[PDB]
Ligand SMILES: CCOP(=S)(OCC)Oc1ccc([S@@](C)=O)cc1
Ligand SMILES: CCOP(=S)(OCC)Oc1ccc([S@@](C)=O)cc1
Ligand SMILES: [Co+2]
Ligand SMILES: [Co+2]
Ligand SMILES: [Fe+2]
Ligand SMILES: [Fe+2]
């Protein structure tokens, strides 16, 4: 069969249903959580993940793709507990989340032994369990394409050609990282249709977004609610204009919501100023309503949240 | 009383005895081990640690200060089990080990709350235990003193002024990165007598080593065996010229040995060409004899390995 699910039997990609392609049940810094655990409360972290999933499903969400990996505190056992209490289709991934340099472990190690880490997760299981990864997550940001970042990228390029699984990327919309991720992965033999260049919905600079979509890769309008990168309105006018231009087949929409996140910028007291209406159901309360009283039919909605996720994992 | 011990009552600085000031039982990258535990064998790690500590004790070593902190995989419980197995005096520390940037947890976080962590480990306990940290560890390398690195340094200073525990630093010998650590720490009100600037032993430039010592801080000739930083023989002449010029009042010696280390450079086949003689006992096999073989008497040896550590922690 097609797609691995956490705590469940793998599914035919055709049975994915309404999908949020980019959502985090919980993120934290492994290093920080290992050394200072007094800072965390996994009971509040569970109550939060459950409730945010329990809802969403009430809105008809069938599948959630969670791109929490190394650097973000992936926890297959925690994810597995959420599933028990909600019964959601959850897809976990492999990969490394860095902006500048890889952890020391990787000093003098090759691109391949990084790839073998991803491949291990996709074929054997993740973290001692038999739950396999469904995708590879890689990142790049303000610092640009460093030598270490380029390694994690080329490692993914190998994991894809090996396990066929798709590649999700985190990028900076204002600096070209997204185009570089696509540009490198493609030149390594990866099918553009298997790459989701992420966080492209942070810029209202459409000409750019289009070139990434014109080069065959899915465009991620995936941080709805985080006004600090770009407010809801300018995101909605950006999607819309793209759909109207006939790009609804590359468009993939999500929140990037973290039911719990230890990043300081995310202190439950910068919320009102940085990301006021940010949750895992904001597209149902704003985006979808907005897009339908604006000349976009249920068939296009189905293309974005159903057909596109399916194509991505097929 | 003063100095805290791992799995033991707190001793008085006078009971510290012969001490290896910089040695690691086990180091790994927290994120890597958490996500891919299949790369580690915690049975090998306990056997090597217990072994090396035993041999070091058979030479008369009574106490080992262990500067493994965040970024290097500080594991209090593992340490505590090594103490139970050998009977050693183990000094565990707190702090953050980074070259460039802090974990993502620290975005939009202040120096005070970074310091609050260190103080927590010192006054309350480590990783949920009653074992308390006896010192703070910081770092800087080729990257230099970055905005984030500086934060750790200044946070260390705050913890020091609040607890009185000393500070052990990691430094690059050929870039002044150590001189700056001293600058900043002392400027912030840290008694230079409470600082140990590490890895000065990697350079034969004695003028630089003297300047740091002259300014009232201990000098770390603490990587004996790591031929890739500096061969044993050239380290020997350097530590000799320093002792002859009367600097044993600030000289501290150790190996920075890691009974197990996940860095790709520490792969047991570079050993021959990188650090063949690198052990936790090399200085007994080569260094101490060499000194006697030459000028140094047994009164100087005591001060370097017994009195200096006693000052440091007093
Ligand atoms: C500058 C970082 O912005 P913040 S932490 O802002 C939260 C108010 O937004 C983010 C940042 C990272 C993520 S990822 C870890 O899911 C999700 C949201
Ligand atoms: C052996 C691991 O790396 P190398 S050969 O140096 C490569 C930077 O030596 C080191 C480097 C760093 C350390 S830290 C863990 O005290 C210990 C030994
Ligand atoms: Co991202
Ligand atoms: Co060091
Ligand atoms: Fe994300
Ligand atoms: Fe060290």
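Details
- Scanning the range A:124-148 for residues that are buried (at least 16 other Cβ atoms within 10 Å of the Cβ) and part of a helix (DSSP H, G or I) gives a single hit, A:148.
- When we screen A:228, A:196 for residues that are within 28 Å of residue A:26 (Cβ to Cβ), touching a helix residue (DSSP H, G or I) at 6+ places or on another chain (Cβ under 7 Å) and in a loop (DSSP other than H, G, I, E, B), the only hit is A:228.
- Residue that is nearest to ligand 6 (Cβ to nearest atom) [pool: residues in the range B:204-225 that are assigned to a helix (DSSP H, G or I) and surrounded by fewer than 24 Cβ atoms within 10 Å (Cβ to Cβ)]: B:212
- Candidate set from the range A:264-276 (those that are surrounded by fewer than 12 Cβ atoms within 10 Å (Cβ to Cβ) and within 13 Å of another protein chain (Cβ to nearest Cβ)); member that is farthest from residue A:75 (Cα to Cα): A:273
- Across the range B:277-292, the qualifying residues are those that are in a helix (DSSP H, G or I) and under 29 Å from residue B:75 (Cα atoms), and the one among them that is farthest from ligand 5 (Cβ to nearest atom) is B:284.
- Every listed requirement among (1) part of a helix (DSSP H, G or I); (2) more than 16 Å from ligand 4 (Cβ to nearest atom); (3) under 21 Å from residue B:308 (Cβ atoms) is met by residue B:156 save one, (2).
- Residue match in the range A:113-123 (condition: closer than 25 Å to residue A:160 by Cα, within 14 Å of chain B (Cβ to nearest Cβ), surrounded by fewer than 18 Cβ atoms within 10 Å (Cβ to Cβ) and in contact with a helix residue (DSSP H, G or I) (Cβ under 7 Å, 6 or more places away or on another chain)): yes
- Within the range B:262-277, the set of residues being within 16 Å of ligand 4 (Cβ to nearest atom) and more than 20 Å from residue B:235 (Cβ to Cβ) comprises B:262, B:263.
- Any chance residue A:162 is more than 19 Å from the chain's Cα centre (by Cα) and under 25 Å from residue A:74 (Cβ atoms): yes
- Index of the failed condition, residue A:212 passing every other in (1) within 16 Å of ligand 1 (Cβ to nearest atom); (2) away from chain B (no Cβ under 14 Å); (3) touching a helix residue (DSSP H, G or I) at 6+ places or on another chain (Cβ under 9 Å): (1)
- For residue A:135: the one exception among (1) under 27 Å from residue B:100 (Cβ atoms); (2) in contact (Cβ under 8 Å) with a residue 60 or more places away in the chain; (3) more than 14 Å from every other protein chain (Cβ to nearest Cβ): (1)
- Criterion violated by residue B:295 - all others in (1) away from ligand 2 (no atom under 16 Å from the Cβ); (2) crowded, with 16+ Cβ neighbours inside 10 Å; (3) assigned to a loop (DSSP other than H, G, I, E, B) satisfied: (2)
- Hits in the range A:124-143 (condition: closer than 11 Å to residue A:94 by Cα and over 15 Å from the mean Cα position of the chain (by Cα)): A:125, A:126, A:127, A:132
- Scanning the range A:22-70 for residues that are farther than 24 Å from residue A:309 by Cβ, within 16 Å of ligand 3 (Cβ to nearest atom) and either without any contact (Cβ under 8 Å) to a residue 12 or more places away in the chain or touching a helix residue (DSSP H, G or I) at 6+ places or on another chain (Cβ under 6 Å) (or both) yields a count of 1.
- Some residue of the range A:10-19 being in contact with a strand residue (DSSP E or B) (Cβ under 7 Å, 6 or more places away or on another chain), at negative phi and surrounded by fewer than 15 Cβ atoms within 10 Å (Cβ to Cβ): yes
For (1) more than 16 Å from ligand 6 (Cβ to nearest atom); (2) within 14 Å of chain A (Cβ to nearest Cβ); (3) closer than 13 Å to residue B:151 by Cβ, each residue gets a yes or a no:
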| residue | (1), (2), (3) |
| --- | --- |
| B:39 | yes, yes, no |
| B:61 | yes, no, no |
| B:72 | no, yes, no |
| B:83 | yes, no, no |
| B:96 | no, yes, yes |
| B:100 | yes, yes, yes |
| B:104 | yes, yes, no |
| B:109 | yes, yes, yes |
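- Within the range B:69-108, tally of residues that are more than 16 Å from ligand 5 (Cβ to nearest atom) and closer than 20 Å to residue A:101 by Cβ: 15
- Options B:305, B:284, B:290; residue that is in contact with a helix residue (DSSP H, G or I) (Cβ under 6 Å, 6 or more places away or on another chain) and away from ligand 4 (no atom under 16 Å from the Cβ): B:290
- Residue B:312 fulfils the conditions (1) in contact with a strand residue (DSSP E or B) (Cβ under 7 Å, 6 or more places away or on another chain); (2) under 19 Å from residue B:59 (Cβ atoms) except for a single criterion, (2).
- Qualifying position, being assigned to a helix (DSSP H, G or I), away from ligand 3 (no atom under 16 Å from the Cβ) and in contact (Cβ under 8 Å) with a residue 60 or more places away in the chain, among A:308, A:236: A:308
- Total residues in the range B:227-250, condition out of contact with any strand residue (DSSP E or B) (no Cβ under 8 Å at 6 or more places or on another chain) and either within 14 Å of chain A (Cβ to nearest Cβ) or surrounded by 24 or more Cβ atoms within 10 Å (Cβ to Cβ) (or both): 1
- Residue in the range A:6-21 that is nearest to ligand 4 (Cβ to nearest atom), counting only those that are closer than 24 Å to residue A:255 by Cβ and out of contact with any helix residue (DSSP H, G or I) (no Cβ under 8 Å at 6 or more places or on another chain): A:11
- Options A:27, A:65, A:82: the member that is closer than 25 Å to residue B:107 by Cα, within 16 Å of ligand 1 (Cβ to nearest atom) and touching a strand residue (DSSP E or B) at 6+ places or on another chain (Cβ under 9 Å): A:27
- Of the residues B:146, B:169, the single one that is within 29 Å of residue B:206 (Cα to Cα), within 17 Å of the chain's Cα centre (by Cα) and more than 10 Å from every other protein chain (Cβ to nearest Cβ) is B:169.
- Residue within the range B:281-302 that is away from ligand 1 (no atom under 16 Å from the Cβ) and under 23 Å from residue B:136 (Cα atoms) present: no
- Per the listing A:253, A:261, the residue uniquely within 14 Å of chain B (Cβ to nearest Cβ), at negative phi and within 16 Å of ligand 5 (Cβ to nearest atom) is A:261.
Cβ: placed from backbone, ideal geometry, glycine included. Neighbour counts: every protein chain shown. Each value in this text was obtained by applying a stated rule to the coordinates, not by laboratory testing.
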